[PDB]
Protein chains: 2
Amino acid sequence: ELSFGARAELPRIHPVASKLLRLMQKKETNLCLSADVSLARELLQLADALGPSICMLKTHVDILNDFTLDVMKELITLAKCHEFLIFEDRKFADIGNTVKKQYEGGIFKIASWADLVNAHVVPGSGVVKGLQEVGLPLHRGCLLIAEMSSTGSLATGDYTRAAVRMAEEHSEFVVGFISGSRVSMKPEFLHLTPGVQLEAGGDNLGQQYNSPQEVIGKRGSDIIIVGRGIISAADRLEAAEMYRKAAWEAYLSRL
Amino acid sequence: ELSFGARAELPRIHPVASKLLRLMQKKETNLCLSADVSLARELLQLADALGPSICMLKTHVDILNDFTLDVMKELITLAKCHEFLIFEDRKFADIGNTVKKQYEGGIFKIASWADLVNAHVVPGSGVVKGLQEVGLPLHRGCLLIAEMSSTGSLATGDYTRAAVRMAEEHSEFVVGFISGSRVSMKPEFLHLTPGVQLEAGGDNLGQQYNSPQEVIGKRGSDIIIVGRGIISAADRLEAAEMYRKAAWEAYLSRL
Ligand SMILES: O=c1cc(S)n([C@@H]2O[C@H](COP(=O)(O)O)[C@@H](O)[C@H]2O)c(=O)[nH]1
Ligand SMILES: O=c1cc(S)n([C@@H]2O[C@H](COP(=O)(O)O)[C@@H](O)[C@H]2O)c(=O)[nH]1
């Protein structure tokens with residue numbers, strides 16, 4: 001097992017992964033903020049205040065009531081100032097021909113500002129090939145959704161394995177997974193795990209939570225994705241710090 | 001085995017499904033146009049010219065370069081004038097809490113204009129319960145993706161069986177399936193099938209094509225979804241009419 005810093009230098013490491021792993025080591029953070037807010041000012045205030053505490057900001061641009069490309073320009077400024085990657089949680093899940101247009105075009109022009117995007121493997125490897133035709137020239141990466149956090153999730157067994165194969169066979173664009181645990185034994189791949197809170201529980205629509213120690217420590221993932229655990233707290237800064245120190249120590253102790 | 005017009009009056013039928021089934025019978029069409037274009041002017045001219053030939057217009061609003069809600073206003077006017085439903089092919093595929101916001105909010109406000117949307121079942125039934133919270137009040141319907149047309153699709157076997165099961169358990173909101181064939185023996189559910197062209201072929205990003213006669217006649221689906229077989233043709237009206245008459249005769253011969 002290697003540190004984030006050593007993993008950033010692996011021969012087969014993707015540039016976007018390497019960038020990520022370098023700033024994770026530098027800033028002592030393996031926390032991805034899930035900025036699930038509907039107003040751009042909120043988004044930008046959270047990105048500014050929490051920037052120093054996070055390795056990555058996961059967006060859902062399609063829930064932003066006042067999206068504009070300028071909001072994303074301002075977000076990029078914050079990402080560069082504070083050193084975090086931008087991850088648009090689009091869950092591409094269509095045929096290659098359709099996802100290609102969805103990633104490059106429309107109002108959102110997701111490929112123009114997102115270091116990372118993600119995709120479901122359900123359509124087969126066409127979904128990755130289609131995204132790649134846009135992502136590769138723009139030097140972007142992709143995460144494949146190998147497991148989900150929600151109750152009744154079908155991303156289990158052979159579906160999970162099928163996700164792992166697809167990532168391994170498309171390593172020039174695929175940099176890792178959204179998963180509940182380590183699913184690949186190859187150190188070049190990132191594992192990012194949502195459905196994380198300090199306290200036990202869930203929501204009224206199928207979400208289930210596990211702690212950072214569980215996820216990073218016992219299950220061997222690299223990075224926690226946390227939304228309401230931070231966003232609903234009163235002091236979002238202290239809450240981010242708490243999650244960061246939780247995920248970081250879990251990591252060091254596993255090392 | 002009942003005609004569309006008869007199925008429209010089935011006891012357990014959804015009001016949206018009943019509206020569709022009636023206009024299908026009346027207009028002699030079981031063709032859904034996949035309006036896969038990036039210009040609002042092109043979308044609206046296709047919707048006006050092809051409107052009399054189609055039971056439904058399927059959108060990917062996220063590829064429209066000049067989307068405004070006004071554009072959707074104008075599409076609704078045409079949908080009412082010519083009698084077809086509007087189907088946003090968003091493929092919701094996240095936790096219940098996330099998809100509820102993606103459906104209702106953001107720039108697109110999908111729920112405000114789409115009669116129908118679809119969802120992947122991989123998250124478990126929470127994806128449907130989240131969408132339902134917005135859609136049921138708005139008298140909308142949802143399609144569950146039971147099978148995909150693309151090479152390497154993982155929507156098979158127990159995955160497909162789980163989709164049918166989730167459909168049958170949320171029948172107050174779910175009106176049917178995106179599938180390759182008939183997957184449910186209950187006639188209140190609609191079966192819509194993509195990957196349809198008159199000629200043999202595919203694309204270079206994993207799409208696979210079958211004929212209206214195959215998909216409606218042998219495999220027993222209700223409605224063909226057709227993109228490029230119409231859109232890339234010179235005469236899009238003549239193309240639509242060819243696909244309509246193929247799908248309608250296919251259905252007539254089954255009954
Ligand atoms: O399996 C998943 C995958 C993701 S990316 N997510 C996302 O992580 C975030 C979880 O938010 P939380 O429950 O508020 O922490 C949401 O944006 C989800 O859409 C998830 O909840 N389950
Ligand atoms: O399994 C599917 C499901 C859908 S909805 N579709 C959609 O139908 C259309 C197929 O278009 P064509 O290949 O140009 O006919 C695209 O918009 C796809 O997103 C598909 O191709 N395969």
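Just so we're on the same page: letters track the sequence lines, and every chain starts at 1. Both counts, for ligands and for their atoms, begin at 1 and track the order of listing. Side chains included, hydrogens not; waters and symmetry mates left out as well; all remaining heavy atoms used.
Looking at A:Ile225 and A:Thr193, their side chains never come closer than 4.5 Å, going by heavy atoms from C-beta outward.
Pairs passing the ring pair (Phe, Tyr, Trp, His ring centres under 6.0 Å) check and including a residue from residues 190-244 of chain A, sequence neighbours excluded, read A:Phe177-A:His191.
By the 30° and 60° cut-offs, the orientation of the rings of B:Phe67 relative to B:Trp113 is tilted.
Evaluation of the salt bridge (charged side-chain N to carboxylate O under 4.0 Å, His left out) rule for B:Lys91 yields A:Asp94, B:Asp89 as partners, not counting sequence neighbours. Residues satisfying the salt bridge (charged side-chain N to carboxylate O under 4.0 Å, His left out) test with A:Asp158, not counting sequence neighbours, are A:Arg161.
Protein residues having a heavy atom under 4.0 Å from any atom of ligand 2 are A:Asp94, A:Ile95, A:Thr98, B:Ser34, B:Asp36, B:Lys58, B:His60, B:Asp89, B:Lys91, B:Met148, B:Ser149, B:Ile178, B:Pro194, B:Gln207, B:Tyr209, B:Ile225, B:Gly227, B:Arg228, listed by chain and number.
Look at A:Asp62 and B:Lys101 and you find no salt bridge, because none of the NZ, NE, NH1 or NH2 atoms lies under 4.0 Å from a carboxylate O.
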